[PDB]
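Chemist: Following this: a sequence and the matching experimental structure.
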Amino acid sequence: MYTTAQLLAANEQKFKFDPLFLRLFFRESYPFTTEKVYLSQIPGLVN
Amino acid sequence: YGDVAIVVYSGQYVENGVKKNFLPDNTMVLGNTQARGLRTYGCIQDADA
């Protein structure tokens, strides 16, 4: 009971986490306003 | 590569439905940049023209 304890600093134990993809390829965002979302792609092929 | 340059060409032309390479799989062409080539165009055989 008669402890008389001091406390020093504490650690954090952080992750090894860095996106590198939402910062290098996905630089642009687009919030929605509707339910469905379309994405067209024109085909290139000629006679 | 000394006096001769090295050039790689992977161009493609599209057939009716398939895409095929201009040059075959393994060929090379000993050529000259100063070789004269003709781009002759004929006469347009159209009455309106």
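Modeler: Received it, and whenever you're ready, just let me know what you need. Residues are numbered from 1 along each chain as shown, chains lettered A, B, ... in the order given.

Chemist: Quick one: name the residues of chain A near chain B.
Modeler: Contact residues (Cβ under 8 Å from any Cβ of the partner chain) of chain A with chain B: A:45-47. Every C-beta, even on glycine, is put in place using the N, C-alpha and C of the backbone.

Chemist: if you set the cut-off to 10 Å instead, what comes out?
Modeler: Neighbours of chain B within chain A, by Cβ under 10 Å from any Cβ of the partner chain: A:44-47.

Chemist: Output these as CSV; include the columns neighbour count, secondary structure and distance to residue A:29.
Modeler: Putting the residues of chain A next to chain B into CSV (neighbours: other Cβ atoms under 10 Å in any protein chain shown; DSSP: H, G, I helix; E, B strand; the rest coil; distance: Cβ to Cβ, whole Å) gives the following:
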residue, neighbour count, secondary structure, distance to residue A:29
A:44, 7, coil, 28
A:45, 10, coil, 32
A:46, 7, coil, 35
A:47, 6, coil, 40
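
Chemist: Which helix or which strand is home to residue B:20?
Modeler: Counting by DSSP states H and E, the element that carries residue B:20 is strand B:19-21.
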